[PDB]
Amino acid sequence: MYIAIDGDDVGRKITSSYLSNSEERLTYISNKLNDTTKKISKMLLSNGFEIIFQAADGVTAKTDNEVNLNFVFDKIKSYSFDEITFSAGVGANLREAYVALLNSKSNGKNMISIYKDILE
C-alpha cells in the first residue's frame, strides 16, 4: 500500500510572510513544516512503513505490513497547526496514491481518499 501526505495551502502562509516582510514568521513556518513531516515520518515508521521521502511539506511511504488507516490518518490530522491541515491519498502503487491525493486536495482538503474507492 502506498500513501502520499502533503500540506494544504502551505504556500499561502509562506507567501503572506514574504509580502508582509515577516521573515521570523517565514522561518518559523519553514521549520514547522520541516518538523511536522518529521513527526509524520516517525509515526509511520512505528507502524511498519518504509519512508520514500519526507521533505518540503510532504511524506510518501509504503507498508508491506497491515495498518489501521483511520488511526494513521487520525494522527496525521492531529499534527495540524495554525490553520494548516494535511491531505492524504492511498493506493496500491505510487501513481494511485497520487491520484487519490489529488482527489483529497480537490474535495475539501484535511481529508483522506483511497484510490480503489474512487474507481467505485
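Residue indices: 1-based, along the sequence shown.
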With reference to the PDB entry, specify whether the mean Cα temperature factor is higher for 90-98 or for 66-74. 66-74
Taking the recorded C-alpha temperature factors, which stretch has the higher mean, 29-37 or 76-84? 76-84
Among all modelled residues of this chain, ranked by Cα B factor, put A4 in the bottom, middle or top third, i.e. lowest, middle or highest. middle
Quick one: classify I114 as lowest, middle or highest third of the chain based on its Cα B-factor. lowest
Splitting the chain's C-alpha B-factors into thirds, which one does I51 fall into? highest
Based on the deposited C-alpha B factors for this chain, I'd like to know if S22 is in the lowest, middle or highest third. highest
